[PDB]
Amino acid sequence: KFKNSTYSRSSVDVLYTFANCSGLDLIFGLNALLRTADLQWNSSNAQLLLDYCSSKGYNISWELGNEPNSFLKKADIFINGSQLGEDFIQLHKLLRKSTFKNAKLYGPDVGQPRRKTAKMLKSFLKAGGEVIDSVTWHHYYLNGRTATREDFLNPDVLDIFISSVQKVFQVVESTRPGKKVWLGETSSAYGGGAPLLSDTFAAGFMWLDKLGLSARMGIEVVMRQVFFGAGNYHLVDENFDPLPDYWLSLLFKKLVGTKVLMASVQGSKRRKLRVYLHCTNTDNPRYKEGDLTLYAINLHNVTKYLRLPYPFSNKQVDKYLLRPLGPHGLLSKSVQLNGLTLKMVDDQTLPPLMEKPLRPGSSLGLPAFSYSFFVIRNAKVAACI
């Protein structure tokens, strides 16, 4: 079903320039199915690419293979974890002898941890784990072809991610303790997305919840499938228009800092109201050292009112509430921030993201089927300074 294709120096330059000019750090996946007679990785095509990139002064990080747990299905070739590990060691030797001898190497980009995948990951990390800078794995909640609207809103679907992350850390803790763990490819639904779902406001419950859980659980980097592309899980559609998940992603970047804290609901039912707490992003000029960013998802069909604990119950709070632009409700491709539709000013200009200051001492209103950020100003939290 998948055939080999070639790509050119030109394609490489296109990709690199896109990344470089957008301020992004490129990670390039190398082809792991080029095999010698004895089933070793044949590195000779990678060698050509490396020399080319070295010759252009390109600053690039590397991966080798994608979803190697599926190679049998996809290409009728089976590569066990041990061997894949040895293959990564060989890549690491080529990198060390190149113009960027300190380039980073990530892998093995396995699927989510079913029995056979967990065995492949464990054997890989025993064999090759010394040469990787982070461990990458992939996650999707659903199949794009069968996903329903209720699936995208169901806390029992959202909660399955938790056991996947636990299982990955169980494998990593038993083989390379302390090694950083990244989600190397992740989204709502595999197979290109679910249509009028993966590209709508409704997709944001899975995306924001995954970001909150990932940060809370010790995942260091989360790579969203895809920025731009054929699949409906794209952040930016075929006409170069941003979809709701783009705007959610931009707001998350502006408000959420690197230090992860914890929020939790007092009541016994913790399924439908989901809450996360970080220090406020220190690059945001509106806020100051010690401020907190809370974010919350309301999967109840009524408005909930959140009360902040002492010593934050009378602080000035800025609300950043996202809701769909009508008439299509959760199936909308347009979104409003505190009642103002989010749209590019022009092709070179993003809009400001405007807060709604709340009255000090008021509870935090979160409408049905919505998500919001809240910045607690003058929180003076020492852990954040």
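In this text, residue numbers run from 1 along the sequence as written. Here, rigid core means the biggest group of C-alpha atoms that superpose within 1.5 Å across both forms.
Do the Cα atoms of 303-311 stray more than those of 107-115 in 6 other deposited structures of this protein, or is it the other way round, with the core held fixed?
Output: 107-115, the stretch lying farther off on average in 6 other deposited structures of this protein.
Stretch with larger C-alpha RMS deviation in 6 other deposited structures of this protein, core superposed, 270-278 versus 124-132:
This comes out as 270-278, the stretch further from the shown form in 6 other deposited structures of this protein.
Can you let me know which of the two, 253-261 or 279-287, has the higher average C-alpha B-factor in the entry?
Looking at the record's C-alpha B-factors, the answer is 279-287.
Please work out which of 179-187 and 147-155 has the higher mean CA B-factor as recorded in the PDB entry.
Averaging CA B-factors over each stretch, the winner is 147-155.
Would you mind checking which of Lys104, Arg271, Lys167, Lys122 has the top Cα temperature factor in the PDB entry?
The listed residue with the largest C-alpha B-factor is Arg271.
Looking at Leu208, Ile162, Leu72, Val171, which has the highest CA B-factor as recorded?
That would be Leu72, according to the entry.
Within this chain, which third does the Cα B-factor at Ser372 fall in: lowest, middle or highest?
Its C-alpha B-factor belongs to the lowest third of this chain's values.
Chain-wide C-alpha B factor ranking for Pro351, given as lowest, middle or highest third
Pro351: CA B-factor falls in the middle third of its chain.
Can you work out whether the C-alpha temperature factor of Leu325 puts it in the lowest, middle or highest third of the chain?
As the PDB entry reports it, the C-alpha B-factor of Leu325 lands in the middle third of its chain.
B-factor third for the C-alpha atom of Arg114 within its chain:
Highest third.
Among modelled residues of the same chain, the CA temperature factor third for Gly193:
It belongs to the middle third of the chain when residues are ordered by C-alpha B-factor.
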